[PDB]
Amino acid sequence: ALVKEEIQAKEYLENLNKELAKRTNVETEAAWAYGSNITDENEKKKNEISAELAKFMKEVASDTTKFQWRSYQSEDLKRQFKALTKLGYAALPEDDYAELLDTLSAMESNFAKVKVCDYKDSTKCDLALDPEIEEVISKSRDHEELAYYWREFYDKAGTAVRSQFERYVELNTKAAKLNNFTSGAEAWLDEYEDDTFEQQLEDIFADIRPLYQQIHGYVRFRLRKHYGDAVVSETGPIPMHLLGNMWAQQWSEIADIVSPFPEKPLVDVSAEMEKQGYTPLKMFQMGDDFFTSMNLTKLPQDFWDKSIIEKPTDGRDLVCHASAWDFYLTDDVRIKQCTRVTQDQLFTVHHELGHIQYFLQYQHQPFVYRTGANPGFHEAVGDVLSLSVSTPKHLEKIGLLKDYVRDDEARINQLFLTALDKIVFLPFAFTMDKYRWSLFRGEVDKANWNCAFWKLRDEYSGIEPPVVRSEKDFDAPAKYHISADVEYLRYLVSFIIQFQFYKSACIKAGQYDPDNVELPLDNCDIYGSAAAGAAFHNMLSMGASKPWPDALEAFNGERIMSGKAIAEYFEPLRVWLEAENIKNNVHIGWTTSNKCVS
């Protein structure tokens, strides 16, 4: 009888979820030890325990067939069983899974161990991406120096792992097909529980794309005035090494040379943070303060005891790209961040604490539900707070922004600064997964893999390498997430929905009213708002217990992912920028790049 079996199934799930949490704890501890301290021994430990968990997952997926779960009355039970059928990489045969783990750790460790020689001192070769190289890329205005560090990094972080990346693509594809997905693209897209998700994103992107073109055109115009026409052409793609970021993903670091009104204030609180004696500990304490001020959960003692919030001063290798960790017990959550005292890093702290808050909010859920409504939701949480932290309103409250006059021109400066991070990022994020999807789907021949990457970067972002590349180079893995096998569409989703969350949180806080000039969206601070916090609690506590539109509905009553909010935020900028580009006869669009030889 199905009635009797469904009762037994509920008991089966309750026990299994608890077992899965406990087994995942062990894997997470080994992964933590490796990420904090990269050694051959720790790699072996991490990968052996993962292989053990994978074997158990196989048994679980096999055991689900003993239950007639598709026939059950409970949508909740059926959802849990469905989650258990999805094996991912664990679907691979024992030997193939072990090889993939070896391949993945080889790529991540390569990225983490990259060291380059100093541009001025060829005998000093201990410059790592974080913080040495990134500091130069963000601060230097010497185009030849920038080009040097670009080439050195991409050669070492990208090209060096071509063979490993090829095997990764093969095994990822094999895994996807064993789960009966067409490719790893479909496997990744399954996390969004919507068969029209790609088209939805194409539609939203197409709406925002014209604004991006205007920003691109204006930045190119301003860069020409700084570097001269020998470095930057009017009609070509922007040389990417000039954009203040190794991957040209966000351009805020060059705001001082491209700001609409250079004689008016531009928010850069890094210097005032240092003057006031800010430390990584203080920054995390301030993040904790922001969450608690919204009536959300305080960081547990385990977080303070076990987190790594500064780059270790011994000679050891580690993954410095910031991460948050859920150990699937009670209150055992951690962050690993090589944090520096800068404005950008203050946002990163809040970003990572957003993940931690999500962990704490759903820790009461059964194991399979202890994850985000979709991957984009998890990435969005901290960014909503970062948007308010970034406002002149908030920065003045914490004494980091002094003698600031918020006139029309200063507002345009701030909107443009935000756009250099939020709008600029959209085509970048889309191309990261458009690229990997095309490889996963077998749409690009191996002989064309590198120029296929740069073709997308050209088509969507209108940027190009500083030097001519070819199929002898392999540049994609020079981006952390590509070497680390981290799906990237989550960030495109995040950057869209975070404005939906921000707008609604601001309205709930009484901080935004479209008909009130005194309450603009771009100066909303949700600090101290219990009303905004309540919306977060209602959504985050759900975890993955319901499809993501139900989680969005819990927040603000909406069920649709929409670009309306992000466009609303930047509308005052759009109006000004379109007019400024016409006034200055600014060329919009770009010719096809010549920087990748087929």
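From 1 onward, residues are counted along the sequence shown.
The deposited model assigns a higher average Cα B-factor to 115-123 than to the other stretch when 222-230 and 115-123 are compared. Checked against the record, the higher mean CA B factor of 236-244 and 134-142 lies with 134-142. Of the candidates 467, 423, 294, 463, the deposited coordinates give 294 the top C-alpha B factor. Residues shown: 267, 189, 215, 169. Highest C-alpha temperature factor in the entry: 267. Placement of the Cα temperature factor of residue 523 within the chain: highest third of the modelled residues, per the deposited record. Ranked by Cα temperature factor within the chain, residue 391 sits in the middle third according to the deposited record. In the deposited entry, the Cα temperature factor of residue 18 sits in the top third of values across the chain's modelled residues.
In the deposited entry, the Cα temperature factor of residue 56 places it in the highest third of its chain's modelled residues. In this PDB entry, the Cα temperature factor of residue 477 sits in the bottom third of its chain's modelled residues, the lowest group.
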